[PDB]
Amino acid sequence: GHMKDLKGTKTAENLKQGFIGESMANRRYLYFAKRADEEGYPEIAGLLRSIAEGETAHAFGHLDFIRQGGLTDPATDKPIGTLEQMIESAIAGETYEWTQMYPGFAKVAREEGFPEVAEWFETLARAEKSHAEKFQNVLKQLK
């Protein structure tokens, strides 16, 4: 039942879009909670944190259907069935970000006259290269 093949369906696309939205909702609500914290609204901060746990549960349930339905990781288009595949998906996305995505973002920010944003993107490119290397060391261990 939950093992039915979802490949080629609109439902497959909808699970991907739901995962994206849920992922953003958790991040948004935790960020909003920091503002409630500063301003002295602990009940609102607590509600934001509790609802954020709900959006974790939603995002993880979307990933369960993606994996059980034979779909790929929404971020990388790589299989994530096994732990080894999960680490290979982590490596693929980190490698895209440090080789291509953040360096390109930093070049654009400098060109448009945002050097402070460009320095941030350059920091992140170096950070994602470190992440890729740490994950590569783990994959070598598992294999």
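The term rigid core refers to the most C-alpha atoms you can superpose between the two forms while keeping them within 1.5 Å. We number the residues from 1 along the sequence you see.
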Subject >> Between 21-29 and 5-13, larger RMS Cα displacement in 9 other deposited structures of this protein after core fit >> reply: 5-13
**OP:** Report the stretch with the higher mean CA temperature factor, choosing between 65-73 and 27-35 on the basis of the entry.
**Re:** 65-73
Original post:
Averaging C-alpha B-factors over each stretch, which comes out higher, 87-95 or 55-63?
Top reply: 87-95
Subject >> Chain thirds of CA B-factor: placement of residue 108 >> reply: highest
Subject >> residue 100 - Cα temperature factor, lowest/middle/highest third of chain >> reply: highest
**OP:** Just say lowest, middle or highest third for the CA B-factor of residue 128 relative to the other modelled residues in its chain.
**Re:** middle
Original post:
Among the chain's modelled residues, which third holds the C-alpha B-factor of residue 48?
Top reply: lowest
Original post:
If you rank the chain by CA B-factor, which third does residue 115 end up in: lowest, middle or highest?
Top reply: highest
